[PDB]
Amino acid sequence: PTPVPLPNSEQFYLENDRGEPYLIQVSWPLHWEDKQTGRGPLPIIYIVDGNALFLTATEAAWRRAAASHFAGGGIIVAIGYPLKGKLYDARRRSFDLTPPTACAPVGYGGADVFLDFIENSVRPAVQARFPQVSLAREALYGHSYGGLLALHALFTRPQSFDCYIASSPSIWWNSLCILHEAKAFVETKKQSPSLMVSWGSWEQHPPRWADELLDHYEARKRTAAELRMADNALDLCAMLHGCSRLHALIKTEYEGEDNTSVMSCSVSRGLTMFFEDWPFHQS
């Protein structure tokens, strides 16, 4: 037996301006003979917490080749960290994915540093590897704190990406500080970007496990009620509805999914809609 190769992909390390390391993983349509096959305009999706989602995003994109609405696909860019034996870097992502606030603890509030890194280092590095390709449109995907980053990017630098995909965004973080930025975004006078927001139905209302003691289950329900995933997301979507600075707002509750399990569904739908259903109908 041999190691499992991943075709039509590559990875490389990049450093931000602060000297901190990133692992960038890239994949392209499986039907290409090589990286140089692609010419002309293509959509591109940037995925934060890259280590956790790259393979699913890659393979889901490849599965679209059999679908009738396939239009040549696009490029997957997973922005991750040097890791062994796990999918998340807790320390690094805590800084990279959370917006700056006066009461944020030490090691949080580095979202603007990270967004600058994505725009000024990751984007050109990817463009240099596909010199024949034009970046037709760009999407930023993130999950949990990653979803919080996606929302922050939309509200403070809306021109940076064409589409923002916030999967189960941690709106609860730091006393709902993201709503200050959302308010400022809608109240500013006005091509508008699009937003996709999603969450799992079990996040705010989790079902009981088999053999789980009642006291343990009630503790999980208490925590779920505090995080308020669905209702915070619905309140935000209500605030943004009818705003001229958004082209489209698409919201989805995934029935029977929790914070972990929803990731497979949300990244797959996110890239599929961005690649095949663009532009979205006005909403």
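For every residue, the number given is its place in the sequence shown, counted from 1.
Asks: Unmodelled residues of the deposited sequence between residue 84 and residue 85: none, 1 to 3, 4 to 9, or 10 or more?
Replies: Per the deposited record, the segment joining residue 84 and residue 85 has no missing residues.
Asks: Averaging only over Cα atoms, indicate whether 113 to 121 or 172 to 180 has the higher B-factor in the PDB entry.
Replies: For C-alpha atoms only, the mean B-factor is higher in 172 to 180.
Asks: Which has the higher mean CA temperature factor in the PDB entry, 260 to 268 or 13 to 21?
Replies: It is 13 to 21 that shows the higher mean C-alpha B-factor.
Asks: Return the residue from 214, 45, 48, 246 that has the highest Cα B-factor in the entry.
Replies: Out of 214, 45, 48, 246, the record gives the largest C-alpha B-factor to 246.
Asks: What's the residue among 61, 26, 55, 236 with the greatest CA temperature factor in the PDB record?
Replies: Largest recorded C-alpha B-factor: 236.
Asks: Looking at the entry's B-factor column for C-alpha atoms only, identify whether residue 154 ranks in the lowest, middle or highest third of its chain.
Replies: Its C-alpha B-factor belongs to the lowest third of this chain's values.
Asks: Rank-wise, by C-alpha B-factor, drop residue 70 into the lowest, middle or highest third of its chain.
Replies: Ranked within chain, residue 70 CA B lands in the middle tercile.
Asks: Among the chain's modelled residues, which third holds the C-alpha B-factor of residue 197?
Replies: Middle third of the chain for residue 197's C-alpha B-factor.
Asks: If you rank every modelled residue in this chain by C-alpha B factor, which third holds residue 126: lowest, middle or highest?
Replies: Middle third by C-alpha B-factor.
Asks: Considering only modelled residues of the same chain, in which third does the CA B-factor of residue 206 rank: lowest, middle or highest?
Replies: Middle third.
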